[PDB]
Amino acid sequence: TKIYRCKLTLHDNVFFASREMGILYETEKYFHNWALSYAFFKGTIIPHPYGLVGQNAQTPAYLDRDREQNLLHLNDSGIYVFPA
RNA sequence: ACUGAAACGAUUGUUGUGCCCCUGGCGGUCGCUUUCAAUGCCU
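Put into structure tokens, the structure is as follows:
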């Protein structure tokens, strides 16, 4: 039902290691949706565990309902950010 | 796990060595301490 137009302005330089080519790592010109969803709603809705250990330190949990940091919590709150 | 977690382009480095504000030069030239004068007066 409700829709929000968000303009994002960079207040310091943004880096993501989106592709990697020798000594240089580079940031794609689109902010991915799942990155923005956790940037908006981690701590407020999705849990924000300071520490990770074991396989959970190297394996993502985007759509795992057992793990805490899931974007599926947002499905439930009925929110969806599109990419940028 | 935000294409995630941590993330010092860092360490050492003398704008440095040599160098005369130097060489030449007359405070010079002209100039009368001048002018006037009873060792006087009376014995």
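The opening residue of the first sequence carries number 2 in the deposited numbering; numbering runs sequentially from there. Beta carbons: idealized from backbone N, C-alpha and C, even for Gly.
Restricting to Cα atoms, I'd like to know which of the options is closest to residue i.
i   : options               : result
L11 : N57, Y81, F32 and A58 : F32
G44 : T2, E69, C7 and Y5    : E69
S78 : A18, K30, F42 and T60 : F42
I47 : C7, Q56, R66 and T60  : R66
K30 : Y39, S19 and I24      : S19
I80 : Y26, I24 and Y39      : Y39
Do residue j and residue i count as a contact pair if the criterion is CB distance below 8 angstroms?
i   : j   : result
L37 : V82 : yes
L64 : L73 : yes
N34 : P84 : yes
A58 : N71 : no
So the alpha helix (DSSP H) residue i belongs to, where does it begin and stop?
i   : result
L9  : Looking at the DSSP string, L9 is not in any alpha helix (DSSP H), and its letter there is neither H nor E.
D77 : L73 to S78
Hey, residue i and residue j are a contact pair by Cβ (cut 8 angstroms); roughly how many whole angstroms apart?
i   : j   : result
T28 : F17 : 5 angstroms
Notebook entry, point to check: Enumerated in chain order, which unbroken segments of the beta strand (DSSP E) with a length of 3 residues or greater are wholly contained in the region 14-62?
Noted result: DSSP runs (the beta strand (DSSP E)) wholly in the region 14-62: 20-22 and 25-27.
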